[PDB]
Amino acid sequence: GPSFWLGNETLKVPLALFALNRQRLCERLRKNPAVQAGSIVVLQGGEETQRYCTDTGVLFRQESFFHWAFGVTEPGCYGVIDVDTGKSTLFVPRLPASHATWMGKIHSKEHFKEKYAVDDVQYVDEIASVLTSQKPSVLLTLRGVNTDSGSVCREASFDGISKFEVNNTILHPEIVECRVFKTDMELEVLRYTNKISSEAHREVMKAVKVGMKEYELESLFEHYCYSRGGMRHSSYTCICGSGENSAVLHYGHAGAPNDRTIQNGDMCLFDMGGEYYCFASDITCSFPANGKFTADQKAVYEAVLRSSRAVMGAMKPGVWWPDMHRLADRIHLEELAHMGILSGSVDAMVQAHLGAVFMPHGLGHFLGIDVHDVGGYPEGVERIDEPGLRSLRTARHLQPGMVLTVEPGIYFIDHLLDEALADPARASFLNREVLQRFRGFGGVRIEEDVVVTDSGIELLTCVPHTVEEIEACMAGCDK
């Protein structure tokens, strides 16, 4: 069948990928005791937007649920699925013949059916009539709470929908659960997005020079991903933190727009991931700006490399993800004690939650069409109310087909360090004379993307992540 493709060496993504998702959703919905016969899933795609009140067009990126079901790149569409048969109907906007002048060629409905391999194509202005003809019991629309944003999903609406019986509770948890488990076709896309972004990270590491602005590497990374990978979008705003900014978790946004000059002796923490056809990648490389780890930098780096490798080696079906976060905490504390920053019983440090002083974020998260992918906290899965652990984006047990980031880090964040130093329960573990040397160190994060298999994980990321690989890469060495 047909495939999405941007030419050159970019990946061909079969449109069958989305037909399988539609089928998987129907199978799950048929098992749901509350789903009536003759139900129709109704999803609304994203619409074209502009900057505020201007006519400056914003580059359109499809809504993630709609993309998962249909893979449609055009704005203004709807898509419905007959639950009982799996029959898919795409609704495209009716463009007046006069629009050839400005937007391009006016494609027939037949063109879109062939392009997307759906069962039928109708015009958006006919959606009520078309749906009325099928005499559905109820329309299943999308409404739920994204557990990372707190936002409520946009439920489909169209002119005349009030004449139908609409259920907006059943769909969200089912289609979320389908997204948690990636098909082999989806994994192929995630292998590709990791390949391109890994190559881009390698190019950025080769190019970093003392005296450059952080954003020079952001530009380079995105240029590689687009020109070489066909990735017009990034999965998230590039985080190009150097020096003290490598300790700033929320760095690179408009308020801190990657505008610092890289200085000799700085650590760099570059967290960047290209997006291909609305599929994410999420990779972090930390390294010395001048290509040579100091002893202090090497010690901090290898502590995170130890926890990274320990987590990946332990991951397999049945593992509780919060246990992996605790494993990384314990290893960080062991290594920070070895370094002399900490002293005392590591068991006692764990009881005091000292790990979270150095890694306040979650160990990792589901990844997919969204970089922080859906389904981390379905009903019955509770958030853990402890420092560090409460920031985990899922408290689920691992299962095959899940895709997770593994991104332990250690950071020296003055606000957390000072709070711990004022707490007698934690101050005792800290050796100020050594810690002072690491004030302003910044931080180290090592992030990989992995798939849970039947027996362990598959590593998708391929970047230089050992000290030897990093220093060799940055000195212009081959291989």
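The numbering used is simple: start at 1 and walk along the sequence shown.
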339-347 versus 223-231: which one carries the higher mean Cα B factor per the record? 339-347
Stretch exceeding the other in mean C-alpha B-factor - 424-432, 55-63: 424-432
Note to self: of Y116, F270, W321, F181, the C-alpha temperature factor tops out at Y116
At the C-alpha atoms, which of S151, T101, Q263, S198 reaches the highest B-factor in this entry? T101
Could you look up the Cα B-factor of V35 in the entry and say which third of the chain it sits in: lowest, middle or highest? highest
Using only modelled residues of the chain, where does the Cα B factor of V208 rank: lowest third, middle third or highest third? middle
Select lowest, middle or highest to describe the third in which the CA B-factor of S455 falls within its chain in this entry. highest
Looking at the C-alpha B-factor of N146, is it in the lowest, middle or highest third of its chain? lowest
Split into thirds by Cα B-factor across the chain's modelled residues, where does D449 land: lowest, middle or highest? lowest
